[PDB]
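Since the structure comes first, as structure tokens, the remarks are kept for the end.
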Amino acid sequence: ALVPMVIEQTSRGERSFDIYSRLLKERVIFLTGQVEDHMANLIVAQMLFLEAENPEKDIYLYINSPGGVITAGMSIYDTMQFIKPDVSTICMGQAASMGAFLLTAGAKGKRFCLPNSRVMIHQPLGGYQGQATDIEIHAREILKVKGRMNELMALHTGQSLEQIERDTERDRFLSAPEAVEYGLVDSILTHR
Amino acid sequence: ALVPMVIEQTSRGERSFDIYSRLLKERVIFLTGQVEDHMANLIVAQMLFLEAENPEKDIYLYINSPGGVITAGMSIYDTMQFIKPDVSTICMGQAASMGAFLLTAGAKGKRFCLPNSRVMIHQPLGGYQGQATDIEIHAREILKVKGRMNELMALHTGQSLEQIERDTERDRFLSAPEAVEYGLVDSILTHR
Amino acid sequence: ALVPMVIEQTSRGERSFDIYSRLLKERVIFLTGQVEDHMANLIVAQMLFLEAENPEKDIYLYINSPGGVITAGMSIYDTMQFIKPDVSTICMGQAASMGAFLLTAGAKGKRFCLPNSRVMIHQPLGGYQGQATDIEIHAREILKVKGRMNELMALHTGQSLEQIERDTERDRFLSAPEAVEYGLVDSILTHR
Amino acid sequence: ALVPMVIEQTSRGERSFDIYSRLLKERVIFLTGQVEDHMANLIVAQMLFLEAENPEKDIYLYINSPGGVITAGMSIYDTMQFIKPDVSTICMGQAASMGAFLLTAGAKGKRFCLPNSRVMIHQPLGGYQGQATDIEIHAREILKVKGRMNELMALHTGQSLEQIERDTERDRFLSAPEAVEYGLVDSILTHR
Amino acid sequence: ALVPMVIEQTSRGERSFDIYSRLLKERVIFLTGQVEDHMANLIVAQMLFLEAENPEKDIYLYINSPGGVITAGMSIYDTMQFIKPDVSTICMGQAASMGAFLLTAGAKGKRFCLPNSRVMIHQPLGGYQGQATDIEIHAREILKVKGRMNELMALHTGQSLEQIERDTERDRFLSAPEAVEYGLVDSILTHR
Amino acid sequence: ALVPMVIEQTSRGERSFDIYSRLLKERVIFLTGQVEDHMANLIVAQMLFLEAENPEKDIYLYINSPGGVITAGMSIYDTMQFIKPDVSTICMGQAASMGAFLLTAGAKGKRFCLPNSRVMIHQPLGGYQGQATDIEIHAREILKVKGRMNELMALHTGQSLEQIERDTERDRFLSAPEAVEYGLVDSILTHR
Amino acid sequence: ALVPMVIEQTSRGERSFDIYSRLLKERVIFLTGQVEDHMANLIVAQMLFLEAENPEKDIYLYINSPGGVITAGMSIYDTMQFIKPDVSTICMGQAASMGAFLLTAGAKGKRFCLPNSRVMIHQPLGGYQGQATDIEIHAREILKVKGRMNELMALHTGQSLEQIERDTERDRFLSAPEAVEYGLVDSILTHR
Amino acid sequence: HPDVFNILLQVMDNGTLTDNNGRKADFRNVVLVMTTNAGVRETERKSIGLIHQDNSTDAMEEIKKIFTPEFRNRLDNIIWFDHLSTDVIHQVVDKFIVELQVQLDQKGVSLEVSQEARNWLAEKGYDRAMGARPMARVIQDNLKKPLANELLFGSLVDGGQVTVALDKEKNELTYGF
Amino acid sequence: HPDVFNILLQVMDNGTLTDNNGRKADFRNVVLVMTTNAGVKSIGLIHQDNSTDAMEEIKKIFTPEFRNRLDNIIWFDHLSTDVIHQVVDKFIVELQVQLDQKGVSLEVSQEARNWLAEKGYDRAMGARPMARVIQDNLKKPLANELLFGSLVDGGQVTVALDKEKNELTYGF
């Protein structure tokens with residue numbers, strides 16, 4: 001169909017996989033589009049399977065996402081932290097708030113980005129409609145979420161918490177070298 | 001397609017499963033999105049099959065749900081209570097009212113959550129339009145449902161019934177440590 | 001795909017079924033969502049096949065339905081009455097008017113329900129638009145249908161016809177013990 | 001998928017059919033939903049194949065239809081009349097104008113119905129918009145169609161043509177015993 | 001799925017075909033619904049394959065169509081005329097302008113219809129919006145098409161060109177005997 | 001499904017192809033509906049594969065198209081010109097501007113059409129909305145495209161460039177003999 | 001289905017691939033329609049697989065695209081630059097801003113185009129709505145993107161940066177010889 | 001083996017058969033009867049649906065599958081035996097009881113079985129799918145067992161007058177001198 | 001077939017096959033030599049092809065378990081232009097001794113040797129077509145001239161390239 005099939009010869013040969021399954025066999029996972037419940041759950045399932053396959057070999061998460069819901073991103077981040085093997089996040093295309101967070105959450109020393117990739121970070125968005133009390137409850141909840149996100153970013157990038165707080169007040173774009181200097185990624189992939 | 005296939009070598013080898021079937025083979029079940037009739041029925045079928053497979057081994061229900069209809073959640077909860085093997089609920093991402101209830105309904109000592117997961121609980125929602133008598137009937141019915149939910153939550157968490165009643169009056173969010181202290185979960189999963 | 005596959009070893013082994021076919025092999029049938037023509041016809045086909053398989057072993061119809069069209073429910077009920085083996089209806093989740101009727105229509109002594117399941121019954125709904133004569137015809141027809149439904153319910157529950165008539169005038173909800181006392185089900189399933 | 005698969009052991013065993021193909025193998029055909037071109041053509045193909053299989057064994061057409069286009073019903077009726085083996089029509093659920101006609105068109109002595117099935121008959125519906133001459137042409141055409149339908153019904157039921165004409169002037173519903181007395185069906189199926 | 005599968009035993013046995021492929025194997029083709037580009041192209045492909053199979057055996061085109069675009073019908077007609085084997089068109093259900101034309105275009109002496117089938121013929125429809133010059137061009141084109149259709153119908157039915165011209169000025173319906181007398185079909189199929 | 005399968009016996013026998021793949025095996029390609037990016041790319045892939053199969057045997061492109069985007073047609077035309085084997089275009093049904101162009105672009109001496117096929121040619125259509133400068137740019141671009149189309153048509157038909165320019169000013173329809181005389185096709189296919 | 005299947009005989013023979021998988025086996029990739037996240041990610045997966053297959057053999061990317069989002073194009077470009085084997089881009093049909101950029105980004109000496117292909121380049125488009133500060137941030141970001149695109153184009157074509165800046169101020173169309181002279185492509189493919 | 005049927009082809013058509021010694025056997029005065037259980041599976045196979053079909057057409061189809069057209073052409077007739085009805089079961093029970101009585105008289109033991117005892121035996125043993133053979137086992141267990149005990153280490157050693165009657169409270173049998 | 005692989009593994013493990021009549025096939029004095037190609041007209045816009053990986057293709061059934069029975073993995077590479085010239089020389093001296101045994105000297109010009117090497121060797125087919133090209137281009141006109149009787153003992157043939165006809169020009 002739209003996804004082409006490929007052929008691999010390991011034991012009996014002519015092992016037909018879709019391209020995504022063919023790459024998952026090589027411990028590489030793709031994260032594209034918005035981060036939502038079902039897609040993030042698929043990513044979590046793939047990561048768990050890859051851990052069960054070989055808990056020592058790294059896992060490569062190719063990130064290209066304009067963001068998504070904070071909760072699914074938190075699920076993916078917790079799964080990355082929990083599993084034993086190291087998760088190498090590679091940001092190609094672009095990675096927005098949730099995508100950038102999942103990118104910087106990779107294994108220390110293995111967060112890469114491509115020379116023309118774009119990185120953007122900002123405070124989480126949300127909202128609520130209803131009575132004043134529920135409004136206050138949801139506001140305090142989203143503020144706790146924002147604080148937790150800032151703490152995790154300051155932990156993973158090495159920047160001060162106040163630095164992350166003053167930086168993510170608005171949309172802040174970063175090129176690949178700016179991202180390397182900021183600490184979101186470790187190095188830029190150039191050539192083979 | 002969108003769901004990648006995997007290969008497993010047990011008896012003849014090259015046993016191609018989708019990833020979800022590959023994990024169901026390991027007695028792990030996913031609950032995502034809203035809780036509705038068909039999805040909950042699928043979960044029930046999976047739980048029944050897993051019980052028929054080995055009534056002694058635990059069943060792991062990875063919960064990430066923004067809620068759903070109370071009736072389907074009640075079906076899942078009754079299926080969890082009825083079956084002999086223990087159901088270990090793991091809340092990743094987030095679990096709202098119905099999701100949180102199904103999470104806390106796991107086997108005692110085996111309700112886990114992830115460090116950044118979010119838990120929210122509230123009184124059940126609903127409504128009706130029609131004549132005054134039917135309005136009263138539906139109101140009494142939903143009040144009975146709310147009372148039953150509060151009783152089950154007080155049973156599974158150990159909190160007092162009045163405590164659950166005063167807590168779930170509005171949306172109440174709980175972090176992972178707050179959930180552990182509240183009694184919804186037994187412990188937080190950190191690392192391998 | 002969305003429905004996971006399972007493996008069974010009987011004669012040659014590695015018999016891959018979808019989960020629903022895997023359970024149909026165990027003489028258990030699921031009834032979910034609204035009752036409509038195609039789904040009810042599928043249920044009828046499954047029941048006929050199960051009868052042809054072993055006319056002595058019981059058939060288990062797991063009911064979770066918010067209702068449906070009266071005619072498809074009547075088809076299912078007639079198929080249940082006609083076939084020789086006993087049909088054990090188990091109401092999990094909830095069963096509304098048509099679902100509740102099909103539940104109470106199970107084999108006497110084998111109508112079960114789950115402890116938190118909900119049962120609701122009411123007079124059949126309908127309507128028509130057109131000329132006065134056609135209006136009268138359709139009204140008399142739906143009244144005959146209502147009378148037939150009340151007679152069948154009074155037969156299967158043991159209640160008086162006047163009792164069913166005065167009870168189903170409005171939506172009446174019943175818990176599991178209320179359903180047992182009313183006679184809709186025989187007992188409540190608690191544990192293995 | 002939605003349609004479950006079944007297993008049959010005849011020559012090599014483990015012959016996996018969908019349930020509908022598994023029943024078609026037993027010379028039983030289902031007619032559900034509205035009667036349209038493609039579905040009626042599928043029914044015709046199945047009937048032709050079943051005739052080619054064994055022109056002596058009966059064919060069972062389980063009818064549950066709220067009607068349809070008159071032309072597709074006429075195609076099915078002509079196919080039933082042409083083929084050599086007898087077509088036993090069984091009305092479960094309900095059968096409206098076209099469905100009722102196809103039901104009563106079964107082999108004489110083999111038109112059955114279920115005890116709670118409903119039968120409704122009425123003059124054919126239609127219409128046209130355009131110039132007066134085309135209006136007259138289409139009106140005369142639909143009147144010829146109505147006359148032909150009345151003649152065929154009077155032939156198959158044994159009632160007088162004037163009786164059918166005065167009966168189908170409006171929607172007329174018939175229960176199973178009313179249908180037996182009217183002559184649409186031969187007997188009511190009760191039990192095995 | 002919706003289309004049932006069948007089993008045939010020729011060389012190795014258990015040859016599973018869909019019903020439409022199973023009948024195409026018997027050199028019978030179905031034409032249903034509106035005549036459009038893709039469906040007509042499918043019919044053309046089937047006819048070419050059947051010709052390549054055995055250029056001497058007849059091909060049976062079961063026609064049940066409310067019409068379609070004139071161009072696709074012309075493609076089918078040209079394919080029928082070009083191929084060496086004879087094409088026996090059988091009109092079941094009904095055949096409108098394009099369907100009736102393709103029916104009468106069958107091999108001389110082999111155009112059949114069913115006793116209750118309906119046949120309707122009329123001048124081709126169309127239209128255009130734009131400048132006066134393009135309007136005139138499209139009008140002359142559709143008039144040439146109408147003339148060509150009338151010539152082909154007069155050729156295949158034996159009627160005079162003026163007769164076809166005065167007949168197809170408006171929608172003209174024909175029963176099976178009227179069609180036989182008009183010359184559209186050769187005879188009416190009654191029984192085996 | 002909608003596309004029937006066929007059986008071919010070459011090496012092991014019972015080689016099941018869809019009808020379109022079965023004909024592609026015979027070096028015949030279908031072009032139907034509007035010419036768009038994906039369909040034209042599919043045609044290009046088929047032509048490349050057929051060239052790789054046998055660069056000496058002709059390729060038959062059955063054209064029935066109401067037009068399409070000029071760019072995809074240009075892709076198909078360039079692929080036809082580039083490949084070594086000769087492409088025999090057969091216009092059945094009808095071929096509009098892009099379809100007619102791709103038809104006349106066949107191998108010299110091998111452009112055929114069917115006796116009732118229709119051919120229409122016209123200047124390319126398009127448009128743009130925006131600032132005056134962008135309007136002028138797009139207008140000059142489409143004028144260059146029109147000039148290139150006229151040059152290619154004059155090359156392939158042998159007519160003068162001024163003749164094509166004065167002919168395609170408006171929609172011009174051509175019958176099969178008119179197309180042969182105009183030079184778009186080489187001859188008309190009549191019978192086997 | 002819509003995509004035809006083909007047969008290949010390498011080891012066991014009768015290796016059925018879709019046409020796109022059959023060409024991917026020959027290290028040729030298609031890029032059509034708009035450039036978006038999922039399609040570009042599919043292209044990246046195919047390129048990675050082809051590199052893993054044989055890092056020495058060239059990869060052919062047939063480009064026919066009206067543009068797309070700049071980020072997905074940047075992902076594809078970075079993947080092309082990173083992989084060891086040379087990527088030969090062939091522009092058939094047409095290639096707009098992102099498509100033209102990906103075309104000119106091919107391996108030096110291997111950027112081809114077809115004689116009637118069209119190439120168009122322009123400054124990237126975008127926009128934003130919101131507060132003045134966010135407006136300024138997004139404007140500076142898109143200006144950085146435009147500068148980076150101009151630098152990459154000047155690098156790959158050999159033109160001066162000021163030349164690219166003054167050329168891509170508006171939509172600029174280029175024929176195949178104009179593209180060769182401009183430096184976007186290396187040569188024009190004419191015949192085998 | 002289906003290859004054996006060709007010998008019967010030759011015989012049925014010509015009534016002669018040549019052995020290995022060139023000697024010809026004469027079948028003109030021999031009645032040829034062949035008994036099969038073919039096609040029974042379909043006749044007793046349950047169809048799927050509200051109404052069951054006469055599978056005798058399938059019995060014919062199976063027989064034609066097994067026996068080549070000329071073999072079926074060289075037969076005088078194919079007699080399709082039916083199942084045994086309940087009154088037929090009663091008569092079969094009478095027949096078997098008579099045979100058992102003969103066996104007992106060989107040992108010098110007269111036996112009387114009541115009428116309702118016969119009816120009860122028939123009701124207990126009636127099996128449509130297996131014909132008359134289950135009646136043999138039913139009579140065996142219900143009569144010979146106590147009779148064998150009484151003939152070996154019981155009252156009926158060189159003596160008879162054994163009476164068997166059925167009660168209605170337990171549907172049991174009487175015995176003894 | 002993988003069962004052939006199982007039998008070969010039996011041998012490589014203990015070197016003894018059992019004849020179905022009870023006889024023992026002793027492989028202790030048999031050297032086992034197995035070949036594998038694992039090689040490959042380029043659908044698309046090119047005609048590129050050069051690749052080798054046989055470990056993955058026999059690791060198929062010759063799994064690492066099977067591969068652990070291999071005493072050595074002998075690798076063969078493509079033939080260079082000098083070595084295809086040298087094998088052409090081998091064929092030429094073979095034909096030369098064949099003819100000299102009848103009294104006819106044969107000389108092939110050096111450019112004719114290069115042309116024979118270019119026409120007989122194919123990278124995707126190795127030196128296999130070389131036998132047929134050598135035979136057809138050389139023995140054929142010699143066969144004519146010898147059988148007809150015009151070329152007899154005391155005769156000879158000098159093979160030179162017809163630069164524009166590519167035919168091997170010859171003489172008595």
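Residues are referred to by chain and number: the chain letter is A, B, ... according to the order shown in the structure tokens, the number counts from 1 in that chain, and ligands are numbered separately from 1 in the order shown.
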Once chain A has been least-squares superposed onto chain E, matching all their Cα atoms in order, can you return it as a compact mmCIF listing (two decimals) with C-alpha atoms, in the first residue's frame?
```
# COMPACT_ATOMS: atom_id res chain seq x y z
CA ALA A 1 -15.74 -10.05 4.23
CA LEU A 2 -18.92 -8.79 2.57
CA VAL A 3 -18.14 -10.93 -0.49
CA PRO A 4 -18.17 -14.62 0.47
CA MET A 5 -15.49 -17.08 -0.59
CA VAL A 6 -16.13 -20.44 -2.24
CA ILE A 7 -14.18 -23.67 -2.67
CA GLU A 8 -13.49 -25.50 -5.93
CA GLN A 9 -11.72 -28.81 -6.53
CA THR A 10 -10.07 -29.02 -9.95
CA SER A 11 -6.40 -30.01 -9.72
CA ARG A 12 -5.27 -29.76 -6.11
CA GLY A 13 -8.67 -28.87 -4.68
CA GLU A 14 -9.69 -26.28 -2.11
CA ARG A 15 -9.23 -23.47 -4.62
CA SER A 16 -10.64 -20.51 -2.70
CA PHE A 17 -12.15 -17.79 -4.88
CA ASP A 18 -14.41 -14.91 -4.11
CA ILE A 19 -17.82 -15.47 -5.66
CA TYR A 20 -17.22 -12.92 -8.42
CA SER A 21 -13.91 -14.49 -9.39
CA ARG A 22 -15.57 -17.91 -9.15
CA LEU A 23 -18.15 -16.83 -11.72
CA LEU A 24 -15.66 -15.00 -13.93
CA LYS A 25 -13.94 -18.38 -14.16
CA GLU A 26 -17.19 -19.52 -15.83
CA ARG A 27 -17.05 -16.69 -18.40
CA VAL A 28 -19.87 -14.68 -16.79
CA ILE A 29 -19.46 -10.98 -16.01
CA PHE A 30 -21.65 -8.70 -13.91
CA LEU A 31 -22.45 -5.07 -14.73
CA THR A 32 -24.19 -3.26 -11.88
CA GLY A 33 -24.72 0.27 -10.67
CA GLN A 34 -23.89 3.32 -12.74
CA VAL A 35 -21.52 2.95 -15.67
CA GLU A 36 -18.36 4.89 -14.84
CA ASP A 37 -14.74 4.88 -15.95
CA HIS A 38 -13.23 2.44 -13.44
CA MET A 39 -16.07 -0.09 -13.46
CA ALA A 40 -16.27 -0.08 -17.25
CA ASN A 41 -12.51 -0.50 -17.43
CA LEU A 42 -12.78 -3.47 -15.09
CA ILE A 43 -15.43 -4.96 -17.39
CA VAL A 44 -13.15 -4.38 -20.38
CA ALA A 45 -10.25 -6.10 -18.64
CA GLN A 46 -12.45 -9.07 -17.78
CA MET A 47 -13.70 -9.33 -21.36
CA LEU A 48 -10.16 -9.19 -22.75
CA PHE A 49 -9.02 -11.90 -20.35
CA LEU A 50 -12.00 -14.10 -21.22
CA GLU A 51 -11.25 -13.67 -24.92
CA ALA A 52 -7.62 -14.64 -24.33
CA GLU A 53 -8.86 -17.69 -22.41
CA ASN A 54 -11.04 -19.17 -25.16
CA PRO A 55 -11.93 -17.00 -28.17
CA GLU A 56 -14.66 -19.47 -29.18
CA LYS A 57 -16.78 -19.77 -26.02
CA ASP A 58 -19.45 -17.17 -25.40
CA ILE A 59 -19.22 -14.47 -22.73
CA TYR A 60 -22.25 -13.69 -20.57
CA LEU A 61 -22.69 -10.12 -19.34
CA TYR A 62 -25.40 -9.91 -16.68
CA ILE A 63 -26.63 -6.33 -16.93
CA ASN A 64 -28.42 -4.50 -14.12
CA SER A 65 -27.70 -0.80 -14.38
CA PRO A 66 -29.55 2.51 -14.00
CA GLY A 67 -27.34 4.04 -16.69
CA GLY A 68 -24.05 5.87 -16.57
CA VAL A 69 -21.73 8.03 -18.62
CA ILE A 70 -22.02 7.52 -22.37
CA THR A 71 -18.26 7.27 -22.90
CA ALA A 72 -17.68 4.29 -20.60
CA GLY A 73 -20.64 2.53 -22.18
CA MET A 74 -19.12 3.22 -25.59
CA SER A 75 -15.85 1.70 -24.40
CA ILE A 76 -17.67 -1.44 -23.27
CA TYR A 77 -19.64 -1.60 -26.52
CA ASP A 78 -16.51 -1.25 -28.66
CA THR A 79 -14.79 -3.95 -26.62
CA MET A 80 -17.79 -6.23 -27.15
CA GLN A 81 -17.76 -5.61 -30.89
CA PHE A 82 -14.01 -6.04 -31.26
CA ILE A 83 -13.50 -9.34 -29.45
CA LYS A 84 -14.01 -12.53 -31.42
CA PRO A 85 -16.25 -14.57 -29.05
CA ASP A 86 -19.93 -13.75 -28.81
CA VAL A 87 -21.17 -11.67 -25.88
CA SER A 88 -24.55 -12.78 -24.55
CA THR A 89 -26.14 -9.94 -22.58
CA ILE A 90 -28.77 -10.88 -19.99
CA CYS A 91 -30.81 -8.05 -18.51
CA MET A 92 -31.96 -8.85 -14.99
CA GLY A 93 -33.40 -6.28 -12.66
CA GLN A 94 -33.46 -3.29 -14.98
CA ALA A 95 -31.35 -1.62 -17.66
CA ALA A 96 -31.59 2.12 -18.34
CA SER A 97 -30.26 4.11 -21.29
CA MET A 98 -26.63 3.02 -21.20
CA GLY A 99 -27.52 -0.34 -19.68
CA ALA A 100 -30.25 -0.93 -22.25
CA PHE A 101 -27.85 0.01 -25.04
CA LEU A 102 -25.20 -2.40 -23.79
CA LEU A 103 -27.90 -5.05 -23.49
CA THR A 104 -29.17 -4.68 -27.05
CA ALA A 105 -25.54 -4.64 -28.24
CA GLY A 106 -25.13 -8.34 -27.46
CA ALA A 107 -24.51 -11.04 -30.02
CA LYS A 108 -27.42 -11.34 -32.43
CA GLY A 109 -29.69 -14.14 -31.28
CA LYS A 110 -28.26 -14.11 -27.75
CA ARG A 111 -29.77 -10.97 -26.19
CA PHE A 112 -32.00 -12.23 -23.38
CA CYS A 113 -34.01 -10.68 -20.57
CA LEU A 114 -35.86 -11.94 -17.55
CA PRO A 115 -39.67 -12.00 -17.41
CA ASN A 116 -40.00 -9.16 -14.89
CA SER A 117 -36.96 -7.15 -15.99
CA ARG A 118 -37.49 -3.53 -17.02
CA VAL A 119 -35.89 -1.73 -19.97
CA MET A 120 -35.80 2.03 -20.42
CA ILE A 121 -34.26 4.08 -23.22
CA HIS A 122 -33.87 7.81 -23.78
CA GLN A 123 -31.73 10.37 -25.54
CA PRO A 124 -28.39 11.02 -23.82
CA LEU A 125 -28.20 13.72 -21.17
CA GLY A 126 -25.51 16.29 -20.52
CA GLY A 127 -24.84 19.98 -20.42
CA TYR A 128 -22.25 22.71 -20.19
CA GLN A 129 -21.71 26.16 -18.69
CA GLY A 130 -19.51 28.84 -20.19
CA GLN A 131 -19.19 31.15 -23.15
CA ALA A 132 -21.58 30.99 -26.09
CA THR A 133 -18.98 29.53 -28.44
CA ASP A 134 -18.05 26.70 -26.08
CA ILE A 135 -21.77 26.15 -25.48
CA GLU A 136 -22.30 25.70 -29.22
CA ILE A 137 -19.31 23.38 -29.49
CA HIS A 138 -20.52 21.14 -26.67
CA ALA A 139 -24.07 21.17 -28.03
CA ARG A 140 -22.93 20.05 -31.48
CA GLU A 141 -20.78 17.38 -29.85
CA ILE A 142 -23.64 15.96 -27.78
CA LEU A 143 -25.88 16.05 -30.84
CA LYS A 144 -23.32 14.01 -32.77
CA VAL A 145 -23.24 11.59 -29.84
CA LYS A 146 -27.03 11.32 -29.87
CA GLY A 147 -27.03 10.67 -33.60
CA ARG A 148 -24.38 7.97 -33.24
CA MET A 149 -26.35 6.31 -30.44
CA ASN A 150 -29.52 6.34 -32.53
CA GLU A 151 -27.66 4.83 -35.49
CA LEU A 152 -26.20 2.05 -33.35
CA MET A 153 -29.58 1.29 -31.78
CA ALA A 154 -31.29 1.20 -35.17
CA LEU A 155 -28.56 -1.15 -36.37
CA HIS A 156 -28.80 -3.53 -33.43
CA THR A 157 -32.60 -3.58 -33.13
CA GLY A 158 -33.48 -3.49 -36.83
CA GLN A 159 -35.86 -0.56 -36.34
CA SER A 160 -35.76 2.46 -38.60
CA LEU A 161 -33.57 5.38 -37.60
CA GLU A 162 -36.62 7.65 -37.57
CA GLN A 163 -38.38 5.13 -35.35
CA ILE A 164 -35.59 5.20 -32.77
CA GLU A 165 -35.46 8.99 -33.03
CA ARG A 166 -39.18 9.40 -32.34
CA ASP A 167 -39.14 6.73 -29.63
CA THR A 168 -36.20 7.92 -27.51
CA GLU A 169 -37.36 11.55 -27.47
CA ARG A 170 -38.59 10.89 -23.93
CA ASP A 171 -38.07 8.17 -21.36
CA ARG A 172 -39.71 5.05 -22.77
CA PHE A 173 -40.10 2.01 -20.53
CA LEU A 174 -40.43 -1.50 -21.93
CA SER A 175 -41.41 -4.75 -20.26
CA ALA A 176 -39.80 -8.03 -21.26
CA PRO A 177 -42.36 -8.90 -23.99
CA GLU A 178 -42.38 -5.29 -25.19
CA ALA A 179 -38.59 -5.46 -25.39
CA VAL A 180 -38.74 -8.72 -27.34
CA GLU A 181 -41.24 -7.24 -29.80
CA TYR A 182 -39.21 -4.04 -30.10
CA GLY A 183 -36.11 -6.04 -30.98
CA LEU A 184 -33.88 -5.07 -28.05
CA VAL A 185 -33.69 -8.69 -26.88
CA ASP A 186 -34.09 -11.97 -28.70
CA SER A 187 -36.10 -13.98 -26.17
CA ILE A 188 -37.16 -14.14 -22.53
CA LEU A 189 -35.59 -16.67 -20.18
CA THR A 190 -38.30 -18.55 -18.29
CA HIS A 191 -37.01 -21.78 -16.71
CA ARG A 192 -34.24 -24.34 -16.86
```
Those in chain D with strand (DSSP E) from DSSP, as a ChimeraX atom specification: /D:5-8,15-18,28-32,59-65,87-95,112-113,118-121,172-174,187-188
Identify all chain H residues at most 10 Å from chain D by counting only C-alpha atoms; ligands do not count. Present them as a list in words. residues 46, 47, 48, 49, 50, 51, 52, 53, 54, 55, 56, 57, 58 and 61 of chain H
Quick one: everything within 9 Å of residue H:125, counting only C-alpha atoms, minus sequence neighbours fewer than 2 positions away in the same chain. Send it as a PyMOL selection string. chain H and resi 89+120-123+127+132+134-139
How would the residues just picked look written out with N, CA and C atoms as a tab-separated table (two decimals), in the first residue's frame?
```tsv
chain	number	residue	atom	x	y	z
H	89	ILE	N	-37.66	-51.65	16.59
H	89	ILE	CA	-36.80	-51.92	17.73
H	89	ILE	C	-37.45	-52.93	18.66
H	120	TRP	N	-39.51	-51.57	28.16
H	120	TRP	CA	-38.49	-50.80	28.86
H	120	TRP	C	-37.11	-51.05	28.27
H	121	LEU	N	-36.81	-52.31	27.93
H	121	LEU	CA	-35.55	-52.60	27.26
H	121	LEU	C	-35.43	-51.84	25.95
H	122	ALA	N	-36.51	-51.82	25.17
H	122	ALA	CA	-36.49	-51.10	23.90
H	122	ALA	C	-36.29	-49.61	24.11
H	123	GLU	N	-36.95	-49.04	25.12
H	123	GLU	CA	-36.79	-47.61	25.39
H	123	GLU	C	-35.38	-47.30	25.87
H	127	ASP	N	-31.33	-46.52	19.81
H	127	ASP	CA	-30.32	-45.58	19.32
H	127	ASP	C	-30.44	-45.52	17.81
H	132	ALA	N	-29.66	-51.59	15.16
H	132	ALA	CA	-30.08	-52.67	16.04
H	132	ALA	C	-28.98	-53.19	16.95
H	134	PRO	N	-27.06	-51.74	19.32
H	134	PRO	CA	-27.13	-51.42	20.75
H	134	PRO	C	-28.10	-52.29	21.53
H	135	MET	N	-29.15	-52.81	20.89
H	135	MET	CA	-30.08	-53.68	21.59
H	135	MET	C	-29.39	-54.93	22.10
H	136	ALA	N	-28.43	-55.46	21.33
H	136	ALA	CA	-27.68	-56.62	21.79
H	136	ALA	C	-26.97	-56.32	23.11
H	137	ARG	N	-26.28	-55.19	23.20
H	137	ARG	CA	-25.59	-54.85	24.44
H	137	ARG	C	-26.57	-54.59	25.57
H	138	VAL	N	-27.68	-53.91	25.28
H	138	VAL	CA	-28.64	-53.61	26.33
H	138	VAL	C	-29.21	-54.89	26.92
H	139	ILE	N	-29.67	-55.80	26.06
H	139	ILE	CA	-30.17	-57.09	26.53
H	139	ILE	C	-29.07	-57.84	27.26
```
Record the distance separating atom CA of residue I:151 and atom CA of residue I:118, expressed in Å with one decimal.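 Distance reported for this atom pair: 28.5 Å.
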Selection: 12 Å around residue H:88, only C-alpha atoms, excl. self and same-chain fewer than 2 positions, as number ranges by chain: H: 82-86, 90-95, 119, 122-123, 126-128, 131-132, 135
What does the distance between atom CA of residue I:14 and atom CA of residue I:56 come to in Å, to one decimal place?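 Rounded to one decimal, the two atoms are 25.4 Å apart.
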